[PDB]
Structures are given as structure tokens and as C-alpha cells.
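Some notes on the structure that comes next.
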Amino acid sequence: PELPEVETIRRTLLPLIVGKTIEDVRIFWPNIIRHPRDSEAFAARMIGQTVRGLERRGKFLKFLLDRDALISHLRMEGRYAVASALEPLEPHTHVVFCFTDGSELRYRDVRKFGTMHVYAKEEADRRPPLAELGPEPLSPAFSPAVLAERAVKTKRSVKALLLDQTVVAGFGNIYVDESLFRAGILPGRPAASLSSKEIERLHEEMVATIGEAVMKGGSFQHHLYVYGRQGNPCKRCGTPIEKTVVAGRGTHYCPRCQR
DNA sequence: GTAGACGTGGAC
DNA sequence: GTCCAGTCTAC
Ligand SMILES: [Zn+2]
């Protein structure tokens, strides 16, 4: 998931867990636990703490407890669900947080790529993986100036620039491809070749795209212009949508609308 | 940067 | 059977 999908998870999950106290933490795939390294220590420190809140930073979820903050990245297929501790678990459940009321928060991840870091609240934003993240796209911190500063300083493609979480946090393959189309810019061109008018236009479309996506609860898939539409006619000009590889990933675009 | 890594499963 | 699908990393 990207910012919109993670933001949607944050909103619906919060009311289901706020105020609940942790009684036990069970881990079925240790690799997911990154800090502390020892999964036994990870489990023991959260016992007895109550969930006080849930925030998002980039594509990360930040569970706020009493003293600690649990930082979770879903990567490609991680997902959360709340259910009764009396029912059988679903396939690929790797971590489970059991509460004192008999309910539990389950974490599933088919590909096992997700990660979890636990730090004291005051240290979380200063340690990895949150430490070097760029500004939030829906905040005053992100502006054309910030984009320009990083753009006019590299030779890599504009898609690579946008996928770099240190530049701006939250964009992935789907929204980078969609933002570039709406702004009318080819994904493979040098980030340093973009004019001042283009950068402003891109900033405008990035904010609007991510904003509309959050409103629709993420993929909004019915409002996609290019992602996954290769071979189909452009919604704006009718030219067949094409797909290639840019910055080591599948990239979708319209050869006429984007220049 | 442009591929391959890290587990697992669906499309063709 | 076999190519494709968020960060890291090493030829
Ligand atoms: Zn078009």
C-alpha cells in the first residue's frame, strides 16, 4: 500500500484498538521484528501497555502506547485485522497482539516483507526508519521549492526522484505514474530537465491526486488514467496506453498526453 | 541507475 | 511452467 491505503487503514483501525491493554504478544515469523532484534524482548516490553493512539508518517503506521511507539511498515502485502482470540487464525498470520478484553490485533503478510521497530516515544522520530523521511505531501512543508531544490541537483529520472522517500514521503508506483500523467510529464525524463512551470504543475497534481485518493479510501481504482491500463485507450485522447521499465519498475504512461 | 534480493501465489 | 508485484544492495 501507498499513503492513501495506509491512511485508510489508520482511520478505520484506531477506534477498534484505542484504550485496549496488551496482555501478550505472539510471533510466528521473527524476521519481521527489526528492533529490538530479539523477538522475546520485543514481546515482553509491550505487555501491560495500553494503546493511546495511531498516527501515520509516509507509508508507516505508528502505534502510540504508554511509553513506546510501535513503527510498522506493510511493504507489499502486510495487513491488519481485529477479531476474537477464540476463533482460528487466517493463513499467513505472523504477529498477534492479544488484549485483556479477549480481542486481538492480527498482522498478516503473504510475502513476509513487512517490518516492526519499537522505541520510546521521544526517540522514534530521530531513529531509523523514520529519521530521514521527507515532508508529508499534504502539508505546507512540501512545496514546489522543495521539489525543485532536489530536482535541479540530480541526473536521474523524475519517476526515481518521486519514489525516493527522502524527497517526499508517501508516493509509490501507482500514484507516481498517475501524478505524472495528470501533470503531462514522461516518467523517464531527467528530473533536471523539468522547467519551473512543470515543477509547479507536478506539485499541484501530486497534492490533488493523493488528496482525492485518500477521500475515496485508496485503490479510487476507477479513477486511474494509466496504472494497469496498458493496451487500453487513454481516457483523455484515446491513444493506447503503454508500459515499460523505468527506475527498475513497471511504468505506465500515454505517449501523447505526456511529453 | 538498472537488475537482483527477500517469501509466496496468481495469470498465461 | 514462468513472468510480475517497498526498500536494500552490490556488479
Ligand atoms: Zn492521452
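The chains referred to below are lettered A, B, ... by the order of the sequence lines, with proteins before strands, and numbering in each begins at 1. Note that these values count all heavy atoms, side chains included, but never hydrogens, waters or copies made by symmetry.
- Per the geometry, CG belonging to A:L61 stands 14 Å off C1' belonging to C:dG6, to the nearest Å.
- A perpendicular orientation is assigned to the rings of A:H94 and A:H92, their planes being inclined by more than 60° (bins at 30° and 60°).
- Taking atom P on both nucleotides, C:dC8 is separated from B:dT8 by 22 Å, rounded to a whole Å.
- Under 4.0 angstrom from either OP1 or OP2 of C:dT7 there lies at least one side-chain N or O belonging to A:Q165.
- Contacts of A:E23 classified as side-chain contact (heavy atoms from CB on, under 4.5 Å), with partners at least two apart in sequence or in another chain: A:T100.
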Sugar-phosphate or base contact per nucleotide [nucleotides 6-12 of chain B; S, B, -; heavy atom under 4.0 Å] = BBBS---
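- Per the geometry, CG belonging to A:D109 stands 13 Å off P belonging to C:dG6, to the nearest Å.
- One can place NE2 of A:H252 at 11 Å from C1' of C:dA5, the figure rounded to the nearest angstrom.
- Residues meeting the salt bridge (charged side-chain N to carboxylate O under 4.0 Å, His left out) test with A:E178, sequence neighbours left out: none.
- Remark: the separation of the P atoms in B:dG7 and C:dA10 is 16 Å, to the nearest Å.
- A sub-4.0 Å separation between OP1 or OP2 of C:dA5 and a side-chain N or O of A:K243 is present.
- Rounding to whole angstrom units, CD1 of residue A:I174 and P of C:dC4 are separated by 18 Å.
- Residue A:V96 shares its hydrophobic cluster (ILVMFWY side chains chained together at separations under 4.5 Å) with A:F28, A:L89.
- Atom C1' of B:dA11 sits at a distance of 22 Å from the matching atom of C:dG6, rounded to the whole Å.
- Taking atom NE2 on A:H117 and atom P on C:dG6, their separation rounds to 18 Å, with Å as the unit.
- Rounded to whole Å, the distance from CZ on A:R34 to P on C:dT7 is 13 Å.
- A salt bridge is absent between A:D38 and A:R45: the closest approach of a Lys/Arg side-chain nitrogen to an acidic carboxylate oxygen does not fall below 4.0 angstrom.
- Inspection of the A:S219 and A:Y175 side chains reveals an N or O donor paired with an N or O acceptor under 3.5 Å.
- Between the OG1 atom of A:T93 and the CZ atom of A:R108 there is a distance of 5.5 Å, given to the nearest 0.5 Å.
- Taking 4.0 Å as the cut-off between side-chain N and carboxylate O, A:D125 and A:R57 do not count as a salt-bridged pair.
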note = Dot-bracket for DNA chain B, 5' to 3', Watson-Crick and G-U pairs with both distances under 3.5 Å, [ ] for crossing pairs, | for partner on another strand, reads ...|||.|||||
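- Atom CZ in A:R249 sits about 15 Å away from atom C1' in B:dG1, given to the nearest Å.
- Side-chain heavy-atom separations under 4.5 angstrom define the hydrophobic clusters, and A:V246 shares its cluster with no other residue.
- Taking atom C1' on both B:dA5 and C:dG1, the two are 22 Å apart, rounded to the nearest angstrom.
- The side chain of A:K59 contributes an N or O atom lying less than 4.0 Å from OP1 or OP2 of C:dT7.
- Using atom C1' as the reference point in both B:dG10 and C:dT7, the two lie 24 Å apart (nearest Å).
- Here the P atom of nucleotide C:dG6 and the CZ atom of A:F60 are 12 Å apart, to the nearest Å.
- At C:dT7, one or more side-chain N or O atoms of A:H73 fall inside 4.0 Å of OP1 or OP2 (strictly under the cut-off).
- Classification of A:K112 and A:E77 as a salt-bridged pair fails, no side-chain N sitting under 4.0 Å from a carboxylate O.
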